[PDB]
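To find a chain, count down the sequence lines: A is the first, B the second, and so on, and within it residues start at 1. No hydrogens, no waters, no symmetry mates; every other heavy atom, side chains included, goes into these values. Counting starts at 1 for both ligands and their atoms, in listed order.
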Amino acid sequence: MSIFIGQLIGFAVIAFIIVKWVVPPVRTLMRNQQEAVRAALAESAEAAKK
Amino acid sequence: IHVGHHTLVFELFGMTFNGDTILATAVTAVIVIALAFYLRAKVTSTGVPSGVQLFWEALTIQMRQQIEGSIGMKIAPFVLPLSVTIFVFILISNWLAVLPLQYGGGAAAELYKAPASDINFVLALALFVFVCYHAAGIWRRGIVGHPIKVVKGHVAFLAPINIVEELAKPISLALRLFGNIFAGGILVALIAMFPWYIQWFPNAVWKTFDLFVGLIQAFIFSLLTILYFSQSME
Amino acid sequence: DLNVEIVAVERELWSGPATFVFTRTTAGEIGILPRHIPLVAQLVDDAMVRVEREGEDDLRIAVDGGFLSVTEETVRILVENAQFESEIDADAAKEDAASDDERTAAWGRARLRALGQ
Amino acid sequence: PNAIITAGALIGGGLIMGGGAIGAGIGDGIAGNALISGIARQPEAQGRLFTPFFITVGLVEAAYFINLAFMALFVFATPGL
Amino acid sequence: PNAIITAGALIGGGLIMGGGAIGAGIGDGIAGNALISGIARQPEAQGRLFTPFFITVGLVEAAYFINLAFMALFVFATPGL
Amino acid sequence: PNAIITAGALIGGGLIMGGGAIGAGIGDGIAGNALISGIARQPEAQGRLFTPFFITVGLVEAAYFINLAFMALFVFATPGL
Amino acid sequence: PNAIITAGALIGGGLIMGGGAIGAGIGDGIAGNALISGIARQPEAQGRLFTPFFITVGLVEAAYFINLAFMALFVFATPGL
Amino acid sequence: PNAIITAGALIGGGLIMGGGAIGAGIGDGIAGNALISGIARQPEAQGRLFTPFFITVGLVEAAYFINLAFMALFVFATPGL
Amino acid sequence: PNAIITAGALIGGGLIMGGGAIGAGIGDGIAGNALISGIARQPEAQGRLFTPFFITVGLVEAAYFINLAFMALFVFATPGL
Amino acid sequence: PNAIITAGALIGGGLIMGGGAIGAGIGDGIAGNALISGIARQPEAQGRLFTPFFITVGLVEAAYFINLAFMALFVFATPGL
Amino acid sequence: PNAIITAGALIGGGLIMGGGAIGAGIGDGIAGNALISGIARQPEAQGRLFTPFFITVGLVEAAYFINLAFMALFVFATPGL
Amino acid sequence: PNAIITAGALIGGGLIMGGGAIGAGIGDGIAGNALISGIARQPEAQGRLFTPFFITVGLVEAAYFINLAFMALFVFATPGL
Amino acid sequence: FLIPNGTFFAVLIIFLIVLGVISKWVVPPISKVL
Amino acid sequence: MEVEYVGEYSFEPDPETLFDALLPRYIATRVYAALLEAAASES
Ligand SMILES: COc1cc([C@](O)(CCN(C)C)[C@@H](c2cc3cc(Br)ccc3nc2OC)c2cc(OC)nc(OC)c2OC)cc(OC)n1
Ligand SMILES: COc1cc([C@](O)(CCN(C)C)[C@@H](c2cc3cc(Br)ccc3nc2OC)c2cc(OC)nc(OC)c2OC)cc(OC)n1
Ligand SMILES: COc1cc([C@](O)(CCN(C)C)[C@@H](c2cc3cc(Br)ccc3nc2OC)c2cc(OC)nc(OC)c2OC)cc(OC)n1
Ligand SMILES: COc1cc([C@](O)(CCN(C)C)[C@@H](c2cc3cc(Br)ccc3nc2OC)c2cc(OC)nc(OC)c2OC)cc(OC)n1
Ligand SMILES: COc1cc([C@](O)(CCN(C)C)[C@@H](c2cc3cc(Br)ccc3nc2OC)c2cc(OC)nc(OC)c2OC)cc(OC)n1
Ligand SMILES: COc1cc([C@](O)(CCN(C)C)[C@@H](c2cc3cc(Br)ccc3nc2OC)c2cc(OC)nc(OC)c2OC)cc(OC)n1
Ligand SMILES: COc1cc([C@](O)(CCN(C)C)[C@@H](c2cc3cc(Br)ccc3nc2OC)c2cc(OC)nc(OC)c2OC)cc(OC)n1
């Protein structure tokens, strides 16, 4: 019982740390790559139009 | 600390099996299969990639760059799937241990124990990679040609050393992965001896960095697999 | 920001500010961003230079046996002969890269590297 | 019997912590030497140099932590008592 | 008799972890020193230096963690007992 | 019985201080070597060169302190005594 | 009497493995430092640098596992037991 | 009796002094290497350079003194006696 | 009585192999660092650099071998038994 | 009872001088490396290099001398005997 | 009596050879590193560098040989036995 | 009683020689590395450089010799007997 | 605990399955995507 | 060339090789300046 709770508090701390300092860079990184790929598709589309 | 002690142990075909390790490996396998199937359903060449598509694309690009930079992709097409699967398998195995699946017996028990903490898992992956790149060397050099190059290596008069380094390739590749995760399984157990009001701090700081440690270990395992292939093949 | 100036022996070639400069000196690859310690080095015979111009896109330059100097005031690239990526003749660079002459081959390979291979 | 095992555990934990301190201190010193030299070379790279630094410090300080854990196993939870 | 063997196993495991920690810390510090120096000289090399870095680390860490494994064998499953 | 435990604890604390001193001295020397070389190469960098230094020292001085604590635990509060 | 034999064998094997760990880790770090530095200076040299590197590491690793091969002989065979 | 405690205290203090000597000697030799190299490259810098030098030597020679403060504690006071 | 003699022989052989492993690993890593640096700075020089290398590794790996030999003499043919 | 303390004092003094000799030799080698390289590069500054050299050596030889002194105190005037 | 002295002599000779091997291997590595670097850099210097290299290697292997002789004295002509 | 003191003295003398060998070998290697590099880059300077080198080797060798002396004092003229 | 067991195969089999799936569901698909 | 000592940085590779590779460039630039100045004088 006590062990579970304490490791659950530890997991809550880990989740807070990753959400505050690890999630922002990675999610947004993937996000920037996403923007890039979509805009590249866009450039291809435009060139086709040209 | 009860180091060892696999639960769910059973016996079949006249040999013993650690049930808990098999369960953890199956959980990791189903997570990886779910990721693969979700990619397959939502893999888009023209549309905006999903999150899983970006993850798989980044991993495949990294491993393809590693292969191309060490042994041509024309020579080593079969090693990219091997690297990607090794990386994801080890990564998910290690990261699934970060979930709060640890409770108290009165010793500490853990519903999901990282499979790499068991010697069988890491030894299986290491020996599979060992057989795979030795078979690749045999294919690219010949049944009799490959052992001669393996013994000779790059310096002939260092023949015994090579024959050791070769045998060191699997062992280290296994044990390097074993001790890193096995050690963690002990730390979380050791940290369990603390009371709940101070247990969360060492546990949190350990597992937060264990995320990165498992990522680095999966990366190292895959990278050294690619490197050994490059070597054994030419 | 860096005061980056590229000075050919015949004339001053470029003087725009930049945020980052990049080149392969004879003793390895190097990058310079403002307030770098003073330095002197020799660019490889087939060297190329990337200037991370703050406003517009980066500038890629094929350089012929130049020298690199870093100073508290400016970053100078002394050049025997250089060409911006836009001025490079891709076919001519490809042909020169196979030239037997060491100087011509190095210059063509530098042009290819600056262009983007 | 417990006295001999406890003394051996104390000596083993002392070895664990001595080795951990040596490794962590010397590795941190070497990594910070690289960091100081780089920030001397190119101050503007300071922020870019803290990524490879904390990774390196992360790798040594992980080992130290493991060591500090196992000593705690030897000293307070002597496995073979 | 088991007390002496247990104390010897504790001392041996302490030696194993002391050596492993020294090697891990110092080798990781040296590899990270090379990494930080490279990223200082060429800040755009970060991407390409993590491959030869984690290879090196992968080698160095091996010496550590193999040792770690054997300490457990010394400590929890003492070869003689 | 307590005599054996106390002797082992003293040996372990001696090992802890020996390793801590080796690590602290060598790591601080390496970091100071970096700092001195950086200041010699360019004086004005001194102001910045003290931020990476006190960081590195903070890592190399922490390990020593940790050992300083545990030896103080080994001899004054010998666990398992 | 076998208890003393096993304790001595365990301490000797711990010394073997600790020395092997120190040598292997530090030597692998030293060689990988050269590898990383050479790749940082000349990325195209990557493939060229792995030939000598894996010779040197090949020796260093061979110093580790040979020692390991002997530690087993100390603890599982225990000559003179 | 406490003769075993005294022998253990002597061994521990010997370890303390040995580690302190290794750390101090090597660390201040590294710092002096930096000082000599800086003065050779800039013989007029000697004054400026003695500021960081005596800082790192202050850190390296502090670790020694503390160890000398504890070795004296071990053999003259022997807290566990 | 032999018990004690061969236990001491095991510890001494462990010391011999630990020192041999440390020396061989670190010396081979240093020689390999030099070889890799030379091949990176002078790609065409590799052919020449293997003669200075194997001489160096010849002197290094020789010591290890001797240690190994003597370890056998300590362990399988222990003097004074 | 005095035999045990005497053996412990002999081991402690051996450790003291082992550490002192390691620190002295390596620190003198490092400082002399600095001196030799600086004289090789800039001989005109040879004299200016001896002030920072003998200082560094003066520190190193202090650490050794102190240790030697304490070794005497351990072996001839064994505290607690 | 004889057994204790023989075991102590074996441990002392093991220490002698371990330290001698560490010193010999690391000194050979450090000297051959300079040899390889000089030859790489100045291939025509290969003949001129071998005189300094042989001086250094003589000084290092002289220490190794003296340690080997004294270990032989310890284990085959154990003084005080 | 004499057997215990003799075994302790043998262990202590082995420690002294191990430390002296490590320090002497590594310091000789470092000084010789400096000499070899300086003579590689300045062929005609070897004479100038042999002056500081023998000074360095003087301080290194000296320490070894002192150790070699005291080990004898430990082994043949055991202070505590 | 360092002695292998039957779980060895029980692991290898499972890994092979993943190696199969990623060999066809993932790599070639991501391959062609890129 | 005369060395002109007068009353009173980092180098890669070492300043001996860099100086040797630079001096011919110095002679080349001085000859170029001489040719340019000769052309100006000719005009
Ligand atoms: C007096 O201060 C300390 C500091 C520590 C450290 O270990 C570092 C010691 N070292 C520099 C020699 C430290 C640490 C832990 C790391 C673990 C991993 Br895995 C990977 C990297 C780490 N990096 C780390 O520092 C960079 C640490 C441990 C911890 O333990 C419950 N809680 C922490 O709170 C967040 C903590 O951060 C301050 C321990 C300690 O206890 C005796 N006292
Ligand atoms: C199976 O791998 C090995 C290799 C060795 C070595 O010792 C080197 C170990 N090292 C890399 C840490 C090795 C060796 C010996 C040398 C001796 C001198 Br003097 C000078 C240079 C040497 N260089 C050497 O290789 C670099 C060696 C030993 C040997 O045993 C009688 N027979 C050899 O020839 C057939 C032999 O050569 C290959 C030992 C060993 O034992 C467990 N297993
Ligand atoms: C000279 O007197 C001292 C000094 C110390 C130090 O350890 C440094 C020793 N070193 C240089 C080898 C020191 C210290 C501790 C640090 C801890 C961390 Br985490 C990170 C950085 C540190 N940097 C530190 O100084 C560089 C310290 C310790 C302490 O102990 C409760 N109280 C302090 O006062 C707040 C204190 O600061 C003065 C200890 C000591 O004890 C015998 N006597
Ligand atoms: C390979 O086999 C060996 C070699 C040795 C050496 O020690 C070197 C070992 N090392 C490389 C780690 C060697 C030696 C001794 C020196 C003594 C002084 Br002082 C100064 C320089 C020395 N340089 C030396 O060579 C580098 C030596 C010793 C000796 O007597 C025993 N007879 C010799 O002649 C045949 C002899 O030369 C070959 C010893 C040995 O013993 C088991 N087996
Ligand atoms: C040779 O004679 C000595 C010298 C010492 C020193 O430790 C230096 C030893 N080293 C060079 C290896 C020394 C010292 C102490 C420092 C403490 C701190 Br915190 C930070 C920097 C220090 N730097 C120091 O000098 C570099 C010292 C210590 C002390 O008390 C014992 N009293 C002193 O003043 C009368 C004193 O001289 C300032 C000790 C000693 O004891 C037997 N004999
Ligand atoms: C010939 O083999 C040797 C050599 C030694 C040396 O110690 C050096 C060993 N080293 C390589 C580790 C050596 C020595 C001593 C020095 C003492 C001082 Br203080 C300062 C500098 C020294 N430099 C020294 O050499 C550079 C020495 C000592 C000595 O005393 C008995 N008699 C000698 O004349 C025959 C003698 O040769 C000059 C010892 C030895 O003992 C078995 N056998
Ligand atoms: C065979 O000769 C020696 C030499 C020593 C030295 O310790 C050097 C040790 N080294 C070689 C590692 C040495 C010494 C002491 C220093 C003390 C301080 Br604080 C600061 C700098 C020092 N520099 C030192 O080197 C010159 C020394 C010691 C001493 O003993 C009271 N009397 C001396 O005067 C005659 C003396 O020479 C000034 C010791 C020794 O013991 C058997 N035998």
Side-chain angles (χ1 to χ4, degrees), chain A residues 13 17, chain B residues 155 157-165 167 184 187 191 194 198 201-213, chain D residues 20-21 23-25 27-28 54 57-69 72, chain E residues 25, chain F residues 20 23 58-67 69-70, chain G residues 20 23 58-67 69-70, chain H residues 25, chain I residues 20-21 24-25 28 54 57-69 72, chain J residues 20-21 23-25 27-28 54 57-69 72, chain K residues 25, chain L residues 20 23 58-67 69-70:
Chain A
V13 173
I17 286 164
Chain B
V155 187
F157 68 83
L158 290 171
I161 295 88
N162 306 329
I163 300 159
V164 173
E165 190 199 341
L167 300 175
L187 274 74
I191 288 161
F194 284 125
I198 190 167
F201 190 52
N203 180 274
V205 58
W206 165 240
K207 293 207 301 190
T208 297
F209 282 104
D210 211 357
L211 282 158
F212 300 95
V213 162
Chain D
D28 290 330
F54 288 127
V57 166
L59 287 164
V60 307
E61 297 298 326
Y64 188 91
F65 193 97
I66 292 162
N67 276 84
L68 188 153
Chain F
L59 287 157
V60 177
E61 283 300 330
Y64 186 91
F65 184 64
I66 297 158
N67 280 42
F70 278 106
Chain G
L59 284 158
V60 173
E61 294 294 328
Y64 185 88
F65 285 97
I66 290 169
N67 279 109
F70 282 113
Chain I
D28 281 338
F54 288 124
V57 169
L59 276 299
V60 161
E61 284 289 342
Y64 182 96
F65 186 69
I66 295 163
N67 277 54
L68 188 153
Chain J
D28 300 346
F54 292 124
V57 171
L59 294 169
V60 164
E61 306 302 322
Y64 188 92
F65 172 75
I66 292 151
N67 290 115
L68 174 69
Chain L
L59 288 155
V60 178
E61 292 301 341
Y64 187 99
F65 177 72
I66 297 153
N67 277 47
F70 272 102

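Summary of contacts: the protein heavy atom closest to atom 41 (O) of ligand 1 is D:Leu68 CD1, 4.0 Å. Nearest protein heavy-atom neighbour of atom 25 (O) of ligand 2: B:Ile161 CD1, 3.3 Å. Considering only non-hydrogen protein atoms, atom 29 (C) of ligand 7 sits nearest to J:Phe65 CE1, 4.4 Å. The shortest contact between atom 32 (N) of ligand 1 and any protein heavy atom is with B:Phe201 CE2, 3.5 Å. For atom 18 (C) of ligand 2, the closest heavy atom belonging to the protein is I:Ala62 CA, 3.6 Å.
Contact record, B:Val205 with B:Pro202: CG1-O, 3.0 Å, taken as the closest heavy-atom pair. Heavy-atom minimum distance, G:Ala62 versus B:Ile161: CB-CG2, 3.6 Å. Counting all heavy atoms, side chain and backbone alike, F:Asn67 lies closest to F:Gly20 at ND2-N, 3.6 Å. D:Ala69 and B:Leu187 make their closest contact through CB-CG, 3.7 Å (heavy atoms, listed as atom of the first residue, atom of the second, distance).
Those atoms of ligand 1 with a heavy atom of B:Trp206 less than 4.0 angstrom away are 19 (Br). The ligand atoms of ligand 2 that sit less than 4.0 angstrom from a heavy atom of B:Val164 are 1 (C), 2 (O). Contact atoms of ligand 7 toward J:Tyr64: 9 (C), 12 (C) (distance under 4.0 Å to a heavy atom of the residue). Counting the atoms of ligand 7 from 1 in the order shown, those under 4.0 Å from a heavy atom of J:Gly58 are 20 (C), 21 (C).
Residue G:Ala63 touches ligand 2 through backbone and side chain together, judged by heavy-atom distances below 4.0 Å. Contacts between I:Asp28 and ligand 2, counted as non-hydrogen atom pairs separated by less than 4.0 Å, are absent for every part of the residue.
Counting only N and O atoms by type, the side chains of D:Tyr64 and D:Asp28 include no donor and acceptor under 3.5 Å apart.
Proximity of atom 1 (C) of ligand 2 to the protein is indicated by at least one non-hydrogen atom lying closer than 4.0 angstrom. Within the 4.0 angstrom cut-off, atom 11 (C) of ligand 7 has one or more protein heavy-atom neighbours. For atom 34 (O) of ligand 2, the protein comes within 4.0 Å by no heavy atom at all. Within a 4.0 Å radius of atom 8 (C) of ligand 2, the protein contributes at least one heavy atom. Proximity of atom 37 (O) of ligand 1 to the protein is not indicated, since no non-hydrogen protein atom lies closer than 4.0 angstrom. Contact annotation for atom 20 (C) of ligand 1: protein present (non-hydrogen atoms, distance under 4.0 Å). Proximity of atom 27 (C) of ligand 2 to the protein is not indicated, since no non-hydrogen protein atom lies closer than 4.0 angstrom.
The closest approach between a heavy atom of I:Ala24 and any atom of ligand 2 is not below 4.0 Å.
Counting non-hydrogen atoms of other residues, nucleotides and ligands closer than 6.0 Å to CZ of B:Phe194 gives a total of 12 or fewer.
Some N or O of D:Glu61 is nearer than 3.5 Å to an N or O of ligand 1, by distance alone.
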Apply the test side chain to side chain contact (heavy atoms under 4.5 Å, CB included) to residues L:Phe70 and L:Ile66: give CA-CA distance (whole Å), side-chain angles for both, the deciding distance (0.1 Å), then the verdict. CA-CA 6 Å; L:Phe70 272 102; L:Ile66 297 153; 3.8 Å; yes
Before you tell me yes or no, could you show the steps for B:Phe209 and D:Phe65 under ring-ring contact (aromatic ring centres under 6.0 Å, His included), namely the whole-Å CA-CA distance, both residues' side-chain angles and the distance that decides it to 0.1 Å? CA-CA 10 Å; B:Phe209 282 104; D:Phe65 193 97; 8.5 Å; no
With side chain to side chain contact (heavy atoms under 4.5 Å, CB included) as the test, would you mind laying out the steps for B:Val213 and B:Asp210 before giving the verdict? CA-CA 5 Å; B:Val213 162; B:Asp210 211 357; 3.8 Å; yes
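In this structure, B:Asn203 and B:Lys207 have side chains that are in contact, with non-hydrogen atoms separated by less than 4.5 Å. Using a 4.5 Å cut-off on side-chain heavy atoms (C-beta onward), G:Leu59 and B:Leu158 make contact.
For atom 4 (C) of ligand 1, the candidate residues are D:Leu59, F:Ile66, D:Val57, B:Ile191; the nearest heavy-atom contact is made by F:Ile66.
Rounding to the nearest 0.5 angstrom, the gap separating the CD atom in J:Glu61 from the CG atom in J:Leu68 is 11.0 Å.
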